[PDB]
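The form deposited in one PDB entry is given below as one chain in structure tokens.
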């Protein structure tokens, strides 16, 4: 138990709260979560000690690979007859290099043998491993060399891959053997079915405590029964009462039969003032608990404050459950009593019912089917009907499905199985207050054909609360989501956890198992959860989840605790500079910083740890002379560490990170993720528009890290050394001679990609201080704090000034009327249309981010902006015409 107390101290330090605080939670759901999740921990630890030491090394250093070994035409043609030049370094005392020309699809074992052949010609194979020079990135698995992200990046950038031969035992001996230990908490009327209760739904509103307002006058409680965002019946209000005495003692009757209540049904309520009706406090509750039990008896629900922007009286897409703060409006509710415990029926009872319904419908006469548009006969399915179904399935997730299409999709639900990507539309067409239809939907979902992971992700958002539906989505992720794509969408998958009704669910088990079997996923999983630990709407869920992750991640908890301590020291320093030294000069502030940083406690916490931006990067000794307070808003810290890697000169000798305390970095994180997804779509279609999605990580409440791009300057820094020719002059000066055209091409291409990306996403206004350019000519944007409809009718955030057109047109006077400008336009058109073709992906990435309290992403109407910029109701020619007009009005001619 001495080991357990010390480990509980480590977990507490990592999570930010003491582990004893969980042990004090009375809630049986919380205690069952802590216990039951431990089998995911056990399965994951078993997988790691399955083929030791290799399986342990694969967990710690997973291959950083692309999803497909297939190289796009433009990328493959960058190779010399499908061959790549590679540099293999061998440490012999001294550093010896061996240059190899090998096929791109060579396995690391082939590369090692070719390297030993060259070393022998200068005068075993499975006793070595290839490492990337400069970082802790290893090639432990037998993939084609070009499938590794490092190599694919080298081919695309005309770079020389620098690999190092390392002895397997030099790596194996450095990987500590941890033993996962099961914690102390591992060792812990009648019952009737819901479908047997021949009664209507009723709930009693008793009274409200902690209703502190400005004597606001007459108040009432507004209630509704919801299934996700869909109302199951009409909303029921209490009688008006004075705020000075909030007492109702009233039963509210709902237009819903208790056996008709879906599994994920919720009571959505709010205390409203009044005619200008205004919500004061809101709260949501699950009608069934985690044990599938219908709510009974008395219950007190602590309510939440109204979000600035919500004018709606109820808030169904808000969080479910009581507010952890007990010094808030507290509404007492009483539920019905049935002289027994009521449970939702099990699968077998639901299947018997669905099979009974299917069989009964199959015997319906022509005239019976004619009574309802939701009933149709098997043989009466024409080729036109099948065409309309296929057409409906191509519509985007924000396209309204009329009541007629809903009846139509439901009556052809069996044909829908042949076009399985229609499932999200079919699910929104279901009568969720009819147990006959819901039971039939379950049986269709149970056996539904698998869909694409990016299509299944939609089924995990706020629109699909049903656990059978969510379980299907998770099964598609388990079978088809690669570790590369999981890493890419980890922020959306962590966000949708908030939409799970219960702590113990299929999604959380899938995510935890992946985090515990891949340290690269585990790292970002920990940081996305930890960064939101201040938010009291998810701190219990994320804290318990972090507790379970920290018990089984092994040795990585110790490395995480170094990054947590380094970040805390930096949060403490920046907090002092903004509260006690804000009005002092840069020199005075830098003197204060240098002194504080040099303290023994601080100095050691800020050196010798892994970059939270990229844990393959080691941060050694902090280089204090290169550290500075930046002139930008919130005055970020420019930080520089030595790369302690022996071959640091072959990658970067100093790792420079911007530490910023003051701004929400979540919108920046999402924009950068989208830019990368856009670039990925463009490269795959043979459209080389190189984007620069630099690293950005939120590490707490308005705190985070930004990856510094080396050899980059703002437009202002360029022109401050002014003519419109200054930018073109600088580029021509940085790329003198034969390499001039490559810079112009790179500028034009990066420029086209940023015009299209920023116009689609509606990014904040571009100016000279937030547009940067690398020496080689690569243009990129920084500071993505604003997106979508952030004003109140569509904007062009990136208006190409004379400066940009002069570069594009190679110094010509009439830049608007050149062949270079026409080709720049064609690049924009192609780019715009390609994104239009993947609209569902983008819409779903944003929809999964709605529970995240981001100011510009609160409703589906905020996401609707992307439907306008991508012109989705219009045809492809009309969408191109619309893009050209937006550009023309912004530029006052040219398009």
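Under this definition, the rigid core comprises the largest set of C-alpha atoms superposing within 1.5 Å between the forms. Numbering follows the first chain given and starts at 1.
Just so you know, the form deposited with a small molecule bound exists too; it's not on screen, but the next bit is about it.
- Annotated contact segment (heavy atom within 4.5 Å of the small molecule in the entry with it bound): 83 to 91, selected among 733 to 741, 752 to 760, 83 to 91, 238 to 246.
- Taking non-hydrogen atoms only, residue 128 approaches the small molecule to within 4.5 angstroms in the entry with it bound.
- At least one heavy atom of residue 97 is located within 4.5 Å of the small molecule in the entry with it bound.
- Using a 4.5 angstroms threshold between heavy atoms, residue 690 stays clear of the small molecule in the entry with it bound.
- Looking at residue 115, you'd find a heavy atom of it within 4.5 angstroms of the small molecule in the entry with it bound.
- For the residues 386, 326, 119, 446, the 4.5 Å heavy atom test against the small molecule in the entry with it bound is passed only by 119.
- Checked against the small molecule in the entry with it bound, the candidates 476, 165, 71, 805 yield a single residue with a heavy atom inside 4.5 Å, and that residue is 165.
- The comparison between the shown form and the other one, aligned on the rigid core, picks out a single residue among 305, 471, 686, 608 whose CA moves by 2 Å or more, and that residue is 305.
- Core-aligned CA deviation for residue 731 between the shown form and the other one: less than 2 Å.
- Annotation: Cα of residue 280 displaced by at least 2 Å between the shown form and the other one, core superposition.
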